[PDB]
Structure formats: structure tokens, C-alpha cells
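Let me begin by presenting the structure, written as C-alpha cells, before commenting on it.
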Amino acid sequence: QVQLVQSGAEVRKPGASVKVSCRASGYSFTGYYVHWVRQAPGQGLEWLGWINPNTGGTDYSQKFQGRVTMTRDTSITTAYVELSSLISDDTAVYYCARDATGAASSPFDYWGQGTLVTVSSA
Amino acid sequence: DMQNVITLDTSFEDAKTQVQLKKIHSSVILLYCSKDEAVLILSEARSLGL
Amino acid sequence: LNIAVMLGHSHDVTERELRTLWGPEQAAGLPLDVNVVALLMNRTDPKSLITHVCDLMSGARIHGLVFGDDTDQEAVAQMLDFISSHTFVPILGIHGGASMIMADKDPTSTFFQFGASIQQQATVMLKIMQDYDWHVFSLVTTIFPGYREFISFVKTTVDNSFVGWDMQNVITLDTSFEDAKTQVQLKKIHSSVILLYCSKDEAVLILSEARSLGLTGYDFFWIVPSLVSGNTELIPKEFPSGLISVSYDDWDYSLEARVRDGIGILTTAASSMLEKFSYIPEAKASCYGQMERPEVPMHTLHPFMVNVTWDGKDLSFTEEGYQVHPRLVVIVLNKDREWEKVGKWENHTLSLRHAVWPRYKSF
Amino acid sequence: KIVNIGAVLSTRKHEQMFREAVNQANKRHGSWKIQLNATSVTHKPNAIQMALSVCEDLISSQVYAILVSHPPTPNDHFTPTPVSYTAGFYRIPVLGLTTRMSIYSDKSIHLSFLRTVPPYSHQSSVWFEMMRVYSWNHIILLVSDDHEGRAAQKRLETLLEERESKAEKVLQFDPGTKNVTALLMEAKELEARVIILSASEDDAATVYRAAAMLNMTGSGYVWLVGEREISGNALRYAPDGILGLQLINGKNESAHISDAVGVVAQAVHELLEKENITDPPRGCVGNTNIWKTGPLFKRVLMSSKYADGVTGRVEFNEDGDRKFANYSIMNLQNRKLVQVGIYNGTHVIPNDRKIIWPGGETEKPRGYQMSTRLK
Amino acid sequence: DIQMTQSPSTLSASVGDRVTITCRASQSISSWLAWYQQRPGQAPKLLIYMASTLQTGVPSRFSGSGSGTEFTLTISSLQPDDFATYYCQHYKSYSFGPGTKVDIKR
Ligand SMILES: *[C@@H]1O[C@H](CO)[C@@H](O)[C@H](O)[C@H]1NC(C)=O
Ligand SMILES: *[C@@H]1O[C@H](CO)[C@@H](O)[C@H](O)[C@H]1NC(C)=O
Ligand SMILES: *[C@@H]1O[C@H](CO)[C@@H](O)[C@H](O)[C@H]1NC(C)=O
Ligand SMILES: *[C@@H]1O[C@H](CO)[C@@H](O)[C@H](O)[C@H]1NC(C)=O
């Protein structure tokens, strides 16, 4: 069974760093891409980037360049995303999705439950 | 030891200015022109090692 | 024993084949008769060339290949060198794209070109400047492949000569169309003789920059290598009158004469090999099909083509593969916007000049 | 708007995995159309068969660049010259993956050849850097008479003449000669005792044996050895104290391919977004016209510089060689290679491991020495 | 890059009413568009991939049409679990539209 497990909700002060994990099971972790998509409340889905476990290639959106770092581990089939310079607009829910390798006709076939990150001065 | 007098026929000529500025080999050069003309002459002569 | 010659479409194949066959029959009869096979093609793509070479390989074991060209593409020389480096069949370069000798021949290759390398072109230009008593020097160069070795060679030559040229600062252009530091470098020289070293387009750009900077006067002399003035039929407007250069064209020779000379060279090499060794050379059975690393069981043709005399013309070749005594006719840009012969160098490595100094008209 | 890229790779599994890597490169968000099509062909031992296969498969498929890697058999040279000449006929650029031979540096031979691996001649810069930090004022070069050797000697002399210094003498070795005793005997009677070797594996082994039989590997002598002259049979003949160089993941084809596919994809994107371009010829037969955009592609490849590669920043000079490459200084201890230094470019950082020297001495010996016997 | 615009911004209809969503791209994207369904507080679910073929397990009521720059999402009968936000996303831009939310008419 294809399942995706992420980390719990975290609250961080502005300007700090937050790390979100994504564990995959039931399928070849290296044979499928992992894509990170955020969604602020009252706003549509926003794409951040993707990581290929097979080769380690990292692709980042031009808006989020210099702040998003993606790492993968084949031994545990877990992917980690690190975001720095948090602002009040970064309060959103992050989802990791699966995409087929080579085939460009299966966009985000499976989705995780999502992780909520809250940025505030309180 | 006066040498040949160099006169700039037209401003921003950049064609006959270089050959005239290569004729002088002295260590002391006098100038007779306007402020902007002096600036452009110095700019042209800087590349000539003068 | 068998020689195959490939030419262009300029003339008829049958007449060229007949004259090439009758060439060696005029005098100096070989102990074994040699025939000439002529081919004509309108294209010189690498696949067509290699297929033609393989077809000639089955053509009664062709021992020598003579290639003629009508295009300006110099990569055919590299293709011929690659072919000769893996088929053990010597290839001789004739007028066309193969005359541009610029690549370093492989030690295992057997490619020899009738063209003159820039290494001896530098010596020819130095001799011409000696004849003009030009003892001042200036090297305006651009980043072009194979020019660092030429700069080193000319520096060693000027440093190791009794003439003692006034070698000023050498101008090396960082990049073409810079328009930022090129003007300063071109204005930092006050000499009279400049030996340009760049491609044809870069030469046109540098001459235009000199025209803008007024470096094309009566006292300014410009000398350019063969590749700058390779296309004598095309004279760009940026080239000033009196541009001195070296080249090699059909003014004193011809394609038929060159192919006849190549046939004579091949026949003399075969005769020398037969005289020194009773073994008769033979071509490879298959074109290139092998199951192991290539090897040459017999002696190669290189030692037999270093001292060759052809009815009073010694068309010998050096270790690299260029002629010891190339034509390398010196030409100048006439006042009618065209190139005119003014000197020759083939005569015992000496320069004979018509002695026409005031060719720098104020056009 | 379809762009195809050819590949000439050693093994089928490498071809498949690199096609998958190309597909992953196509997964970028800034790419829309088919900018990277994957075509692969095994290295055929026959040269003309390889040329025919290239002309019929890659050029006929509208390739913008061709990637050629190391042959599956390192014992044989198997130069990529047959495909390089065909690519240069049409001015089609190529990106050599792990071709370290110093013959393609001159573009007058290979018009459109590029490589991401520095050649053996580029090791002269590392030798100069080592000399500037260990105070090797006087040097002697033992270089074989080869085009790679001549290029290395010329580069070393050009770099050394900057400090107004020159080597005592330079000796040339034939590519395959065995009686090299006279050269070493005449080189023994020299003040300098810091030797730099640049030859082939067999020549390196012969020089090592000649030095061993002439007691030339004693205390004080320093031997500088390149990457090619330690690998292979040299390990069974190199004496202790060899200061050898090694390229970090130099033979790693996977990393070079992963960097090269991204570099060529970015170059293709820049070329497409620059100005109007000319399509490559559909067929390689009957066409005698060079590619108009070939020089533009070569220029954009030279100007390209990206640090996203796993092997650090990737960039090309005017000679098509990688700039600011990483070298590892290897010291032969107990007939075993020991990593004792690194070279990140114009800087040498020694490690904590001690550096041994020939003759069993542990302390760093001097370089130029006198003999008080003046002829 | 490519910008996705969805219309109408907010659509309200009763149960069983036909739902039509129009999504337009900045330029031609051939047929590389997908439709997603995301209920509040729940992860998005892929309904139609390539805008021509339905994902396995998706009810047959959902349908897709259009090509080039304009694509249309059509629902034959509205359902209580279908009251969610629909997004159109292009494959090689990873760009999501503003989103169209279906709410109970009131
Ligand atoms: C892409 O390359 C493959 C080789 O695997 C070839 O079959 C196909 O025709 C190529 N497609 C295009 C559009 O060139
Ligand atoms: C090449 O490098 C990659 C990562 O840089 C590594 O996974 C692989 O094992 C290396 N292969 C060799 C043969 O060194
Ligand atoms: C060379 O290695 C050093 C440390 O091993 C590293 O910091 C540097 O980035 C490397 N060079 C490149 C170009 O990546
Ligand atoms: C190499 O490393 C040294 C010290 O870490 C540094 O000073 C130097 O700038 C580096 N050079 C390059 C080319 O990275």
C-alpha cells in the first residue's frame, strides 16, 4: 500500500528555519519523484520544488531560490525539506506527493496528510 | 625646444586625433581648450599612456 | 601498384584520368606499371568520403590515395588524416579543402599535404620584411587555436636571429567584438609593421578598428597569414590597399599539374620501396573490419618519402608532413581591390620579389 | 521546437541510466517542449563502423550535441577522434566526459570538441603550485616525445617563466624506447634533484626501473608523478616517496554525465532564448554546409558556468578544458597510495598525514644542492 | 512562465446540478493539464490527468474537455462530497490556478 507520512505541526518565529519530513512506503522510493506543494489559508496551491531520490537532483522555484533545501536518504526512504527566512506569509500546509519517473502523465497521484507550519511572533 | 603644435580640427573626431597625439614625444604637454574638451582630450590620451 | 585519385567537378573525369595515366609514362618508367583510377563527386560529406575509400579499397588493392577538393571546408583534412591513421593507405593533399594544413598529424597516420604550414609562412614573412628592411615588429593577435605555438616560434626566431627586429609589445586580444579594451591595446602600439594573426572575420573587424583609429596610413604596413587571404576572389572593403600576405593558388601552378606531381611522388616512393626491399606493398584485405588492434607487419612509406626527386623538382616532406620547398607565393592587395603576385619563395627557400615598394595607395 | 542530444557510452546499463537522467533533467519546471531527446550507441571497436553509425543515427536525428565517455576497456586508448572529427565537420559541438588525453586542447584539429575533465597538460599548473609552496626553485623535467608531452612541457615552461626561472634541462623520451639509461645517467650530474615525470605507463615503469638500478631514488631526490604514471603496472615498480597526483572522481562517468546533461540543457535553453537559430542538417549524406549556429553554441558553452554539478562548479576556458578542477595529492607510503593533500585551484592544502620522501627520510629534504665539483 | 486563470471564482449550485468550470492558460500547453479536488482540511485528490483520461477510482460523473489554452471541467450531477475546491495545473509549469470552490446555494 502506497502511504506517505509527514511530521507534526510546528510553530516557528519569523526568520527561523523549519524542517519537514516525508516518509514513503509501499513503492520504490528512488523510482518516483517527491514534490513539495504549500497552500496558505484562503489561497490556492503553491509549488515549491521537487527532489529525485535516484540521482539527488534538486529543482527549486525561482521565487524560493536560496531558502529551500531538499535532502533524501535511500536507507530510510525519507525526504527532508528545509526552509529558512520564514515570514508571516509562509504560514501554510506543506504536502509531499509522488510522481512517476520518465512518465509525464501522472501528476501527483498520491498525497500525504500534510504538515502545518505557523509563523508568528507569539 | 618647441615641437609641432597639435590642433584638434573637430571635437569627438576619434579618427585624426590619435595620429596627431602620437606625434608628440615630450614629457610636458600644454592644453588650450574648454573644460569638456579638456576632459575628452584627457580621456583619449589616457589610453595612449600620456 | 595501383593509385586512386578523386577530384572535383570543375573538369571532366575522363581527361583527368587519361593525363594522370600518361604522366608517369612520359619519362622514368617504373619497373611495374601503375594505373590511375579517377572518381568525381559533387559532395564531400564524411560518410560519402569513407564509403568511397572503402570502395577503392576493394578496387584491386589501391595502395595510394590522392584527394582533390573544390570546397573551403578544412575538416576534410582531418577526415583524411583519420582515414590514413587506421587504413595504412597514404593520402596526398591537393588544392581544395585539404590544402589547409593546420592539424597535427598522428604518428601512425600517413597523411601528407601539399600546402604550406604557418610555421614556414612566418619565416617567409620575416624574409620579406628583411627584403624591405623593416626592422620593427608588432604582433596583434586574437585568441585562435594553434596560434600560441606560432607566437612562440616567431619569438624564438626573432630572439635567435642576427637581424635583431625591434620586437615591441605583442597585442593579444581577449575576445572578438569586445569594444572595451581592444581600442587601448590597438592604440598602445606606435610601430609601422603589424603581423596580424586571427580569422578572416576577426581580421576584417581588426582592420575596421584600425581604420577608425587611423592605423592604415602610408607608413603603416599590414601583413596577414594565408588563412586571412585564403579566398583571393573575395576582397572585403575593410582591407586596405597594399595588404601583404602569402598564399598558394593557380597563378603559377594548376590542379592537373599538382595531381601529376602527386602521382609522380607516389610512383617514386613505390620505386624506392621496391629498390630497398624486394617486398611489394599490398593494401589491407578488408576496409576496416578487424577483431583486434591494428598493426603494420611491413615497413611503412614514411622513410621512403623523405628524400624524393621528381624530374628536378624535390618535393620532399618533413616529419610533420608538409613540403620542404612549398610554393607559398607572396601576394599583395593591388590598388584595383584585387590580389597580385609580387614574389615567390619556392626557389631554394629564397624570396625573389618584383621590388614594388609604393603599393600602399591612399584609397 | 525539438532538441535532440546524442550519446556514445561504454555500456548498455550506463546508457539506460543516463537516458533516465536526461528524462529527469527534462522534468525541470522551466522546460516545456522536448529539449533533451536521448539517443545512445555502444562504442564499436571499428572506427569506420562507429563513424557510419554516428552519421546514420545521431546526425540524421538532428543532434545538437554528442556526449562521449570513456571506453569500456581502459587498457586500450580508444580515442573519441572518429566521432569528434565527424562532429567538427558540421561544426556540431561535443562534450567529452572523461577524455584526459592532451590532444584535443588545440581546436585547429578538433574544431568543436569540449571536455569537462582537465587534460594531463593541465597538471603543470598543479606542479607549479606545489613548487611555489615547497620552494622548488630548481626543477628538471623528464617528458616523453609526444604531443601530450610537448603540450605539457610548453605549459610548464610558460607557467615557470613568469617567476623569471627556467629548468636546468629537458630530456625527451621516445614513445616505447627501453634503453633510457643514458638520459638518467646524464641527468644525475645535475645540481637540481627534483624530478617531474610525464610519460606513459610503460615509459614510467622503465624510468622507475632505471632509477632503481642507478640508485637515483635515494634521499634528497623528489619525484613528481602525474595521474597516468602511477596507475597500472607502475604500482609494482614505483619506489617509496612518490608525490603523485590523482583526479577526484576523475574516472566516475556517472557524475560527469550528470553534470554534462544539465550543462548542455542550460546551454540549449540559452541558445534557444538568445536569438534566431538554424536547424541542423537532416541528413549527413550529400550536405557540405556547416551549421550556422555551431559557433554560437560553442560560445555559449564556453560562457556557461554552473555550480549545480556534483563535481563543483563546471566551466570551460578558451581551450575547452575545465577550470578550477579539484586534484588530490597522493603520497606513496608502504607501496600504498595515501591521500596527503588537496588542490582546489591555485592553492594547495596539505593534510595532517606526514609526507615521506624517497630514501626512507621523513624530514622534508632540500631541492637544489651543490656538489663542489666544478668542471 | 504560464499563469492559470479559473472562472467562475465562486460557484453555488444545488445537489445534482451540473457544474462547469473554465480554466485558461497564458499560452498553448497542448493537453498537459490536470484537475484536482481538495476538500477543506483534507489533502488534494487527483481527478483527471492529461485532461482527457480519468484517474482510476474517480466517479464517472466528472469529465474533462478542451485543448490548447482553454480547458473545461464538467460534472454531470453534483454530490455532497463534491463541495470542494478544484484546481487546474499544467505539468511542466507546476502552476496552480486560483481555485474554484463549490458551495451549497443559500
Ligand atoms: C528520439 O530518440 C529516439 C531514440 O531512442 C528516436 O527513436 C526518436 O525518433 C527521437 N525523436 C525525435 C523527435 O527525434
Ligand atoms: C560516482 O559518484 C557518485 C556520487 O558522486 C557515487 O554514488 C558513485 O559511487 C561514484 N562511482 C564511482 C565508481 O566512484
Ligand atoms: C574541492 O574540495 C574542497 C574540499 O574537499 C571543496 O571545498 C571544494 O568545493 C572542491 N572543489 C569544487 C570545485 O567543488
Ligand atoms: C582554495 O581554498 C583556499 C583556502 O580554503 C582559499 O583561500 C582559495 O580561495 C580557494 N581557491 C579556490 C579557487 O576555490
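Just remember, in the C-alpha cells the first chain shown is A, the second B, etc., residues are 1-based per chain, and ligands are 1-based in the order shown.
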Run DSSP on the backbone and tell me which residues of range 30-86 of chain D come out as strand (DSSP E); list them as a PyMOL selection string.
chain D and resi 37-42+63-68
Output as a PyMOL selection string all residues of range 1-47 of chain B that backbone DSSP marks as helix (DSSP H, G or I).
chain B and resi 17-21+35-46
Write as number ranges by chain the residues around ligand 4, taking 10 Å as the cut-off and counting only C-alpha atoms and all ligand atoms.
D: 313, 323-326, 342-349
Just to be explicit: take each residue in the selection above, keep N, CA and C atoms, and write the result as a compact mmCIF listing (two decimals), in the first residue's frame.
# COMPACT_ATOMS: atom_id res chain seq x y z
N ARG D 313 31.68 23.57 -9.35
CA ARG D 313 31.37 24.47 -10.45
C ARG D 313 32.00 23.96 -11.74
N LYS D 323 38.12 24.52 -15.81
CA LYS D 323 38.89 25.43 -14.99
C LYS D 323 38.52 25.24 -13.52
N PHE D 324 39.52 25.39 -12.65
CA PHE D 324 39.36 25.24 -11.21
C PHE D 324 38.89 23.82 -10.86
N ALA D 325 39.66 22.84 -11.32
CA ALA D 325 39.39 21.45 -11.01
C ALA D 325 40.03 21.07 -9.68
N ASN D 326 39.53 19.99 -9.09
CA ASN D 326 40.00 19.52 -7.79
C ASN D 326 40.96 18.36 -7.99
N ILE D 342 45.27 18.28 -1.02
CA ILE D 342 44.18 18.63 -1.92
C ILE D 342 44.57 19.88 -2.70
N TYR D 343 43.93 20.06 -3.85
CA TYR D 343 44.17 21.21 -4.71
C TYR D 343 42.83 21.70 -5.24
N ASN D 344 42.35 22.82 -4.69
CA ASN D 344 41.07 23.40 -5.09
C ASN D 344 41.22 24.46 -6.17
N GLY D 345 42.44 24.70 -6.66
CA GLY D 345 42.67 25.72 -7.66
C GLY D 345 43.54 26.85 -7.15
N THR D 346 44.78 26.91 -7.63
CA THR D 346 45.79 27.89 -7.25
C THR D 346 46.12 27.85 -5.76
N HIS D 347 45.71 26.81 -5.05
CA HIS D 347 46.00 26.67 -3.63
C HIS D 347 46.17 25.20 -3.31
N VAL D 348 47.18 24.89 -2.51
CA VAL D 348 47.46 23.52 -2.07
C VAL D 348 47.33 23.48 -0.55
N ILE D 349 46.47 22.61 -0.06
CA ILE D 349 46.22 22.46 1.37
C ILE D 349 46.65 21.06 1.79
Could you work out which residues of chain A fall inside 12 Å of chain D? Count only C-alpha atoms, and format the result as a list in words.
residues 31, 32, 33, 34, 35, 47, 48, 49, 50, 51, 52, 53, 54, 55, 56, 57, 58, 59, 60, 61, 62, 99, 100, 101, 102, 103, 104, 105 and 107 of chain A
If you count only C-alpha atoms, which residues fall within 9 Å of range 122-132 of chain C, apart from same-chain ones fewer than 6 positions away, as number ranges by chain?
C: 150, 153-154, 157-158, 163, 193, 195, 223-225, 244-246, 328, 330, 343, 345, 349-351, 353, 355, 357
Please check the contacts: residues of chain A at most 8 Å away from chain E, using only C-alpha atoms, listed as a PyMOL selection string.
chain A and resi 43-47+95+104-114
Find the residues near residue 21 in chain E: any atom within 9 Å, counting only C-alpha atoms, skip ones fewer than 3 places away on the same chain, and give them as a short mmCIF file (atom, residue, chain, number, x, y, z; two decimals) with C-alpha atoms, in the first residue's frame.
data_model
loop_
_atom_site.label_atom_id
_atom_site.label_comp_id
_atom_site.auth_asym_id
_atom_site.auth_seq_id
_atom_site.Cartn_x
_atom_site.Cartn_y
_atom_site.Cartn_z
CA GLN E 6 -10.09 29.86 -13.31
CA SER E 7 -13.68 31.03 -13.83
CA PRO E 8 -16.01 31.47 -12.06
CA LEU E 11 -19.94 28.87 -7.95
CA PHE E 71 -9.96 23.50 -20.72
CA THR E 72 -13.37 22.76 -19.21
CA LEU E 73 -14.31 20.62 -16.21
CA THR E 74 -17.86 19.25 -16.28
CA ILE E 75 -19.77 17.43 -13.53
CA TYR E 86 -10.99 22.46 -7.95
CA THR E 100 -12.99 27.26 -7.88
#
Produce as a VMD selection string the set of residues near ligand 1, where near means within 10 Å with only C-alpha atoms and all ligand atoms considered.
chain D and resid 1 to 6 19 34 to 41 57 to 58 60 to 63
Please, could you write that set of residues out with C-alpha atoms as an mmCIF file, in the first residue's frame?
data_model
loop_
_atom_site.group_PDB
_atom_site.id
_atom_site.type_symbol
_atom_site.label_atom_id
_atom_site.label_comp_id
_atom_site.auth_asym_id
_atom_site.auth_seq_id
_atom_site.Cartn_x
_atom_site.Cartn_y
_atom_site.Cartn_z
ATOM 1 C CA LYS D 1 10.881 23.079 -31.022
ATOM 2 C CA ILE D 2 12.513 19.666 -30.544
ATOM 3 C CA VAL D 3 16.167 19.369 -29.499
ATOM 4 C CA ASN D 4 17.985 16.025 -29.623
ATOM 5 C CA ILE D 5 21.250 15.076 -27.902
ATOM 6 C CA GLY D 6 23.400 12.115 -28.889
ATOM 7 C CA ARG D 19 18.737 8.293 -20.576
ATOM 8 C CA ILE D 34 11.218 18.239 -25.991
ATOM 9 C CA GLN D 35 14.600 19.866 -25.397
ATOM 10 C CA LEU D 36 16.509 16.670 -24.497
ATOM 11 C CA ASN D 37 15.910 13.514 -26.510
ATOM 12 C CA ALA D 38 18.138 10.588 -25.568
ATOM 13 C CA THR D 39 19.966 8.573 -28.233
ATOM 14 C CA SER D 40 22.716 6.133 -27.272
ATOM 15 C CA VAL D 41 25.161 3.889 -29.126
ATOM 16 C CA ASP D 57 21.856 7.632 -36.309
ATOM 17 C CA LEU D 58 22.840 10.841 -34.497
ATOM 18 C CA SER D 60 20.215 12.027 -39.021
ATOM 19 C CA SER D 61 18.272 12.575 -35.766
ATOM 20 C CA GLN D 62 19.088 16.316 -35.503
ATOM 21 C CA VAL D 63 21.547 16.153 -32.605
#
Env of range 8-22 of chain B: 7 Å cut, atoms = only C-alpha atoms, seq-sep filter 4 positions within chain, self excluded. Answer as an MDAnalysis selection string.
chainID C and resid 212:214
Write out the residues from the selection above, keeping N, CA and C atoms, as a PDB file, in the first residue's frame.
ATOM      1  N   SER C 212      39.183  53.046 -38.080  1.00  0.00           N
ATOM      2  CA  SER C 212      38.595  54.012 -37.159  1.00  0.00           C
ATOM      3  C   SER C 212      39.664  54.728 -36.342  1.00  0.00           C
ATOM      4  N   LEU C 213      40.755  54.040 -36.017  1.00  0.00           N
ATOM      5  CA  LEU C 213      41.853  54.618 -35.253  1.00  0.00           C
ATOM      6  C   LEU C 213      42.949  55.205 -36.132  1.00  0.00           C
ATOM      7  N   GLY C 214      42.782  55.181 -37.451  1.00  0.00           N
ATOM      8  CA  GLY C 214      43.775  55.749 -38.348  1.00  0.00           C
ATOM      9  C   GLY C 214      45.112  55.039 -38.351  1.00  0.00           C
TER      10      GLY C 214
END
If you count only C-alpha atoms, which residues fall within 12 Å of residue 79 in chain E, apart from same-chain ones fewer than 3 positions away, as an NGL selection string?
:E and (13-19 or 59 or 61-62 or 75-76 or 82-84 or 102-104)
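Proximity to ligand 3 was assessed for D:264, D:314, D:216, D:196 counting only C-alpha atoms and all ligand atoms; the smallest distance is recorded for D:314.
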Taking only C-alpha atoms into account, report as a PyMOL selection string which residues of chain C lie within 7 Å of chain D.
chain C and resi 43-48+75+78-79+102-104+145-146+288-290
Skip residue 305 in chain D itself and residues of its chain fewer than 6 positions away, then list as a VMD selection string all residues within 10 Å of it, counting only C-alpha atoms.
chain D and resid 263 266 to 267 313 to 316
CA of residue 269 in chain D and CA of residue 173 in chain C are how many Å apart?
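Taking CA of residue 269 in chain D as the start and CA of residue 173 in chain C as the end point, the length is 28.9 Å.
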